[PDB]
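Peer 1: One structure coming up, written as structure tokens, with questions to follow.
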Amino acid sequence: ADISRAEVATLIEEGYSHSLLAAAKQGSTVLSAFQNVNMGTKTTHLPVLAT
Amino acid sequence: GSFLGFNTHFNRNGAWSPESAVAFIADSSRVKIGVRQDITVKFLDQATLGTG
Amino acid sequence: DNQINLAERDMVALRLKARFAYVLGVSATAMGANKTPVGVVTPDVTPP
Amino acid sequence: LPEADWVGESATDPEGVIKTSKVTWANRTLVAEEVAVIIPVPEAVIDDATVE
Amino acid sequence: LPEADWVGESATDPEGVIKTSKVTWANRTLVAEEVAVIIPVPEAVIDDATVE
């Protein structure tokens with residue numbers, strides 16, 4: 001005897017919002033903390049004082 | 001604020017192992033990170049991933 | 001038996017209404033998969 | 001979140017294969033609900049009262 | 001569809017009451033589904049064949 005919410009079907013539309021869809025991206029700690037050395041090949045040799 | 005004189009860095013990417021350490025104190029002149037290739041991206045569309 | 005007819009009883013009323021929704025963004029973060037954005041301090045239930 | 005890994009370098013080892021990983025999302029909803037009250041009173045009580 | 005009716009005229013009969021009636025709607029869906037084929041052939045057969 002009445003029109004329910006289930007009786008209008010998809011004349012009622014569900015909405016979408018991206019306001020909750022975001023995450024801050026966090027970099028490497030060690031790439032920010034220490035010196036970054038540009039390597040041109042697989043291996044580099046570094047001499048150090050030892051005695 | 002107690003940690004004066006240090007440069008402080010906080011891990012925010014979930015890499016920290018709290019069962020292993022509270023902090024590292026270092027001479028930063030003595031640690032190097034070699035960067036041979038930065039993060040590079042390839043788009044794959046024909047490839048096979050895995051076996052069996 | 002509980003019926004009040006307003007005009008027949010010489011009464012009036014106010015109807016007040018509102019519509020509300022609530023969402024909590026429990027989500028992944030850079031720290032991992034299922035991270036809750038709220039915590040609580042609960043009361044002291046322990047006698048000294 | 002996805003996982004990366006240290007691949008190494010071989011044509012034949014179980015290492016040297018880059019592992020696969022997923023990324024995923026979930027849904028959260030706002031759903032509106034009604035809250036209400038009805039407060040009845042006699043018109044004579046309204047007319048007699050010294051305030052609105 | 002709703003149904004109207006003949007009202008009649010009374011303060012006290014079951015008729016003379018105007019009947020209530022509903023209207024309703026339903027939902028129909030387009031859902032996209034994929035149809036496909038792969039057709040493999042040798043490169044030398046493409047090169048030796050007299051047609052495209």
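How things are named: the first chain in the structure tokens is A, the next is B, and so on; residues count from 1 in each chain; ligands count from 1 in the order shown.
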Pairing every Cα of chain D with chain E in order, what RMSD remains after the least-squares superposition?
Peer 2: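 C-alpha RMSD after least-squares superposition: 0.4 Å.
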Peer 1: Would you mind writing down, as a PyMOL selection string, each residue of chain E that DSSP on the backbone assigns to helix (DSSP H, G or I)?
Peer 2: chain E and resi 43-48
Peer 1: Let me see the file: selected residues, N, CA, C and O atoms, as a PDB file, in the first residue's frame.
Peer 2:
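Dumped to again_2.pdb:
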ATOM      1  N   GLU E  43      56.199 -17.455 -38.814  1.00  0.00           N
ATOM      2  CA  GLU E  43      56.636 -16.317 -39.629  1.00  0.00           C
ATOM      3  C   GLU E  43      56.985 -16.726 -41.067  1.00  0.00           C
ATOM      4  O   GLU E  43      56.620 -16.037 -42.011  1.00  0.00           O
ATOM      5  N   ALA E  44      57.641 -17.871 -41.270  1.00  0.00           N
ATOM      6  CA  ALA E  44      57.992 -18.335 -42.608  1.00  0.00           C
ATOM      7  C   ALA E  44      56.758 -18.646 -43.461  1.00  0.00           C
ATOM      8  O   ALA E  44      56.761 -18.378 -44.654  1.00  0.00           O
ATOM      9  N   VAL E  45      55.673 -19.140 -42.863  1.00  0.00           N
ATOM     10  CA  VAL E  45      54.409 -19.350 -43.566  1.00  0.00           C
ATOM     11  C   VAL E  45      53.802 -18.024 -44.000  1.00  0.00           C
ATOM     12  O   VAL E  45      53.362 -17.918 -45.135  1.00  0.00           O
ATOM     13  N   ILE E  46      53.824 -16.989 -43.163  1.00  0.00           N
ATOM     14  CA  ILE E  46      53.378 -15.651 -43.568  1.00  0.00           C
ATOM     15  C   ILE E  46      54.219 -15.112 -44.722  1.00  0.00           C
ATOM     16  O   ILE E  46      53.686 -14.488 -45.633  1.00  0.00           O
ATOM     17  N   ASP E  47      55.525 -15.344 -44.704  1.00  0.00           N
ATOM     18  CA  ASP E  47      56.428 -14.872 -45.748  1.00  0.00           C
ATOM     19  C   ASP E  47      56.261 -15.629 -47.071  1.00  0.00           C
ATOM     20  O   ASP E  47      56.335 -15.030 -48.137  1.00  0.00           O
ATOM     21  N   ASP E  48      56.050 -16.941 -47.036  1.00  0.00           N
ATOM     22  CA  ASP E  48      55.920 -17.773 -48.229  1.00  0.00           C
ATOM     23  C   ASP E  48      54.512 -17.767 -48.843  1.00  0.00           C
ATOM     24  O   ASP E  48      54.373 -18.059 -50.028  1.00  0.00           O
TER      25      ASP E  48
END
Peer 1: If you run DSSP over the backbone, which residues in stretch 4-48 of chain D end up strand (DSSP E or B)? Put them as a list in words.
Peer 2: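 Here are the strand (DSSP E or B) residues of stretch 4-48 of chain D: residues 33, 34, 35, 36, 37, 38, 39, 40, 41 and 42 of chain D.
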Peer 1: Ranking A:41, A:17, A:10, A:36 by minimum distance to residue D:28 and counting only C-alpha atoms, which one comes first?
Peer 2: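 Between A:41, A:17, A:10, A:36, the residue approaching residue D:28 most closely is A:17.
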Peer 1: Measure the distance from atom CA of residue D:33 to atom CA of residue A:5 in Å and round it to one decimal.
Peer 2: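 Separation between atom CA of residue D:33 and atom CA of residue A:5: 13.1 Å.
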Peer 1: Figure out the distance between atom CA of residue B:43 and atom CA of residue A:37, please, to one decimal in Å.
Peer 2: 28.0 Å
Peer 1: Per residue of chain B within 9 Å of chain A, which atom pair is closest and at what distance in Å (one decimal), using only C-alpha atoms, listed by chain and increasing number, as a tab-separated table?
Peer 2:
residue	atom	partner	partner_atom	distance
B:7	CA	A:33	CA	8.5
B:8	CA	A:33	CA	8.5
B:9	CA	A:33	CA	6.7
B:10	CA	A:29	CA	7.2
B:11	CA	A:29	CA	5.8
B:12	CA	A:26	CA	6.1
B:13	CA	A:26	CA	5.3
B:15	CA	A:28	CA	8.8
B:28	CA	A:34	CA	5.9
B:29	CA	A:34	CA	7.7
B:30	CA	A:34	CA	8.6
B:31	CA	A:34	CA	6.1
B:32	CA	A:35	CA	5.2
B:33	CA	A:36	CA	5.0
B:34	CA	A:37	CA	4.6
B:35	CA	A:38	CA	5.3
B:36	CA	A:39	CA	4.6
B:37	CA	A:39	CA	8.0
Peer 1: When you get a sec, could you note down which chain C residues fall within 7 Å of chain A, using only C-alpha atoms, as a list in words?
Peer 2: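 Selected residues: residues 25, 29 and 30 of chain C.
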Peer 1: Save out the residues we just selected, C-alpha atoms, as a PDB file, in the first residue's frame.
Peer 2:
ATOM      1  CA  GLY C  25      38.958   5.770   7.462  1.00  0.00           C
ATOM      2  CA  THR C  29      49.427   3.609   5.561  1.00  0.00           C
ATOM      3  CA  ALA C  30      53.159   3.581   4.712  1.00  0.00           C
TER       4      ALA C  30
END
Peer 1: Between atom CA of residue C:28 and atom CA of residue D:25, what is the spacing in Å?
Peer 2: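 Between these atoms lies a distance of 8.7 Å.
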Peer 1: Compute the chain D side of the contact with chain A at 12 Å, counting only C-alpha atoms, and hand it back as a PyMOL selection string.
Peer 2: chain D and resi 1+25-32
Peer 1: Keeping N, CA, C and O atoms, export the residues of the selection given above as an mmCIF file, in the first residue's frame.
Peer 2:
data_model
loop_
_atom_site.group_PDB
_atom_site.id
_atom_site.type_symbol
_atom_site.label_atom_id
_atom_site.label_comp_id
_atom_site.auth_asym_id
_atom_site.auth_seq_id
_atom_site.Cartn_x
_atom_site.Cartn_y
_atom_site.Cartn_z
ATOM 1 N N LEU D 1 49.898 -3.104 1.035
ATOM 2 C CA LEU D 1 51.136 -2.679 0.383
ATOM 3 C C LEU D 1 51.796 -3.840 -0.380
ATOM 4 O O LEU D 1 51.727 -4.979 0.083
ATOM 5 N N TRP D 25 42.861 -2.443 -2.516
ATOM 6 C CA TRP D 25 41.999 -1.400 -1.986
ATOM 7 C C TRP D 25 40.758 -2.026 -1.356
ATOM 8 O O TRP D 25 40.406 -3.167 -1.639
ATOM 9 N N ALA D 26 40.098 -1.274 -0.492
ATOM 10 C CA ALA D 26 38.862 -1.633 0.181
ATOM 11 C C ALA D 26 37.870 -0.473 0.080
ATOM 12 O O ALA D 26 38.215 0.612 -0.377
ATOM 13 N N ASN D 27 36.629 -0.696 0.483
ATOM 14 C CA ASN D 27 35.549 0.286 0.437
ATOM 15 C C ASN D 27 35.054 0.603 1.854
ATOM 16 O O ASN D 27 34.849 -0.298 2.664
ATOM 17 N N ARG D 28 34.839 1.886 2.135
ATOM 18 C CA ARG D 28 34.206 2.429 3.344
ATOM 19 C C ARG D 28 32.954 3.182 2.922
ATOM 20 O O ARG D 28 32.981 3.851 1.897
ATOM 21 N N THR D 29 31.869 3.124 3.679
ATOM 22 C CA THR D 29 30.614 3.806 3.316
ATOM 23 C C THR D 29 30.145 4.813 4.352
ATOM 24 O O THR D 29 30.122 4.531 5.544
ATOM 25 N N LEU D 30 29.702 5.977 3.875
ATOM 26 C CA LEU D 30 28.735 6.823 4.573
ATOM 27 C C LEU D 30 27.333 6.296 4.266
ATOM 28 O O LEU D 30 27.004 6.179 3.094
ATOM 29 N N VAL D 31 26.500 6.024 5.268
ATOM 30 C CA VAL D 31 25.074 5.691 5.085
ATOM 31 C C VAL D 31 24.210 6.551 6.000
ATOM 32 O O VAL D 31 24.300 6.432 7.215
ATOM 33 N N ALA D 32 23.393 7.439 5.447
ATOM 34 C CA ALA D 32 22.595 8.364 6.237
ATOM 35 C C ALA D 32 21.464 7.656 6.989
ATOM 36 O O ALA D 32 20.727 6.851 6.433
#
Peer 1: Compute the chain B side of the contact with chain D at 12 Å, counting only C-alpha atoms, and hand it back as a count of residues only.
Peer 2: 8
Peer 1: Closest to chain D among C:7, C:38, C:45, C:13, using only C-alpha atoms?
Peer 2: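 Between C:7, C:38, C:45, C:13, the residue approaching chain D most closely is C:13.
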Peer 1: Using only C-alpha atoms, I'd like a table of the residues in chain C that come within 6 Å of chain D; for each, show the closest atom pair and its distance in Å rounded to one decimal, ordered by chain and ascending number, as a Markdown table.
Peer 2:
| residue | atom | partner | partner_atom | distance |
| --- | --- | --- | --- | --- |
| C:11 | CA | D:42 | CA | 4.1 |
| C:12 | CA | D:40 | CA | 5.6 |
| C:13 | CA | D:40 | CA | 3.9 |
| C:14 | CA | D:39 | CA | 5.4 |
| C:15 | CA | D:38 | CA | 4.4 |
| C:16 | CA | D:37 | CA | 5.4 |
| C:17 | CA | D:36 | CA | 4.1 |
| C:18 | CA | D:35 | CA | 5.5 |
| C:19 | CA | D:34 | CA | 4.3 |
| C:20 | CA | D:32 | CA | 5.0 |
| C:21 | CA | D:32 | CA | 4.4 |
| C:22 | CA | D:30 | CA | 5.8 |
| C:23 | CA | D:30 | CA | 5.6 |
